[PDB]
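Quick heads-up: it's one chain on its own, the form deposited in one PDB entry, in structure tokens.
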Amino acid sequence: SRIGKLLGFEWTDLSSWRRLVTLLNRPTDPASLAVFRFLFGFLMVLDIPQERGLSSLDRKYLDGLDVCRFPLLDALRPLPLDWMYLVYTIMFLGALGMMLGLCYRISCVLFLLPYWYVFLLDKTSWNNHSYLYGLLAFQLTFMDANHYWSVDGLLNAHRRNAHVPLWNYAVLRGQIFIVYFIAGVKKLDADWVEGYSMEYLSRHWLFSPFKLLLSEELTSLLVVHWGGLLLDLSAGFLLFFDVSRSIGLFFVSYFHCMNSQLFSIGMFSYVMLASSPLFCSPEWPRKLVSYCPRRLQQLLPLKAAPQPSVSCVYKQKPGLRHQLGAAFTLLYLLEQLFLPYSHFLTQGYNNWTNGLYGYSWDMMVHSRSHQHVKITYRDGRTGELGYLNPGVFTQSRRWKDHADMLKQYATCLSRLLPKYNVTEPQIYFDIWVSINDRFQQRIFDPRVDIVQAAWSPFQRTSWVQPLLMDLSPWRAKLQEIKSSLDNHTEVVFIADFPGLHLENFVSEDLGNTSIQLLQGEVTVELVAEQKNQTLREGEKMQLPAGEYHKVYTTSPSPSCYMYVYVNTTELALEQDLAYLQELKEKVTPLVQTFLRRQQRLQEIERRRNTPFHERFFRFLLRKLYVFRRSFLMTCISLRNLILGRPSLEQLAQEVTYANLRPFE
């Protein structure tokens, strides 16, 4: 049939439920599933000290630390640091046994349960690969992936070289299709199509062949934005079919070899590289063992034809284990197509971008820049309005984008403060973000007490300001004003809502600052002189240095203005630094900032002409210290559980030993 050799099945296979379980439990070769089982379990062994943070748990989950944590469920409190090393030990012995295939059902659950424990314990560590590694550990727990190239083959004779059902591939192929294709639907935004998200990426040296044919502005629009949209829309379509897989395996291996060097995304470019041969024929690791030399094949796994297994339906009515496998295929792949578009239900997690970051496959579609974060508490006993640090007890900077994390931060700051003589704070966040080169504006309302503010997960947040999408055509003019300035003048573009004001303190460093009104009507108040000034469109007003000023927005439309400022003490430093830069070659804090910059410039120069064999020899000693500290500090606390805690002078003797650079 024309369809049956194209889709792999006939339309009559979908005509019943008994014929669908028979299709989705077809006896399929175990070999492609077991190489991905090795490559996923080996990339999770290398990921546990690096990105999961086993090297840096003592800095993150230390005992006695005042810290605002952001778990998904508020009842998730972490364990002591003595026991959080055991969670990362069980997760290591889970990923070690899932790599070898040794007690594979237990080793999957010993990895699946403490991965999704530490994943849900911090919402700020969520991204699209940390989500994916817990999906692939969730799938492979039910998949018979130890049916080839495993230690369970050496212990059990019915697990050695046995057939796997077809749904072990159709879920794994269905997953990597959803990672590719849904990301190509999320990149149909007007910021990714017009070329605003990841606009600086084309200036990397890896895009240098594309600049031999196109300009730097046309490399960004076509190759990065549209060549990452037409590739994500057509990656899982090209890898699926037989006529276009060898072409499609080239475009997606080039896509992930670039993203391994452009971005620091951990093992995401290697997990998406190890999962692309799942779309190949399932006998491809038997075809490479047979292509090996003969004395090499005794160390490789078996090349013989697979034995019949229980988990497959042979041409026999299917039992319970076969019916639960075809039901897991249709229910999971429909659930994976719904959560990137389930943002209409969880409307409390909805901000400027829809939903919480991590599970929507909107990778690099929205980039931000925070101009000003200002936390104003208010002492409930005295009324003394004070000002907190911008990032006090947090271990990240993702709370300033999300309304759920701002409520967790305002609640956590309501209990922590009383240790610092603030009994019941009233906490106002004034956070200025601009998404994808837009105007800087307040994302959260700065007048509402975020402690007593009403955030609910299923209702829309009332104190999140609307993203001014009507000022998005202004961005073509904002690159014109930014280009019209010299090397000394910096500009900050700001849009403020009606009824609000911006209290700004110009430093004494910033002489010759000016505010120009682009759209609307603002009235700039000088606080010390107590004098107002109403601005018109295009009118410029000089602002005093070292003083306060407030910009009251009085237009019915959201007003646009800009801060054209220049750091004069930075000038007076650099015109006096260039004075003795030429005076030195003709032959007292100023000489200290001078000499530290010249040895800095010889450091940046020496970093550029170092040989490539020393950058890779330093990369391994940077990495082997991460694997040495994560192992030695584990046994420091694993001794604290079995043999108990030692004296504190002895605990110093091991931690300074564990913090030693090995060969540096």
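If you superpose the two forms and keep the largest set of C-alpha atoms that fall within 1.5 Å, you have the rigid core. From 1 onward, residues are counted along the sequence shown.
The form deposited in another entry is left out here; the points below concern that form.
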### 2 Å-or-more CA mover between the shown form and the other one, where superposition uses the core and the choices are 106, 113, 257, 292
292
### Message
Once the core is aligned, does residue 594 move its Cα by at least 2 Å between the shown form and the other one?
### Response
yes
### Message
Rigid core aligned, does the Cα position of residue 174 differ by 2 Å or more between the shown form and the other one?
### Response
no
### Query
After the core is matched up, is the C-alpha of residue 613 off by 2 Å or more between the shown form and the other one?
no
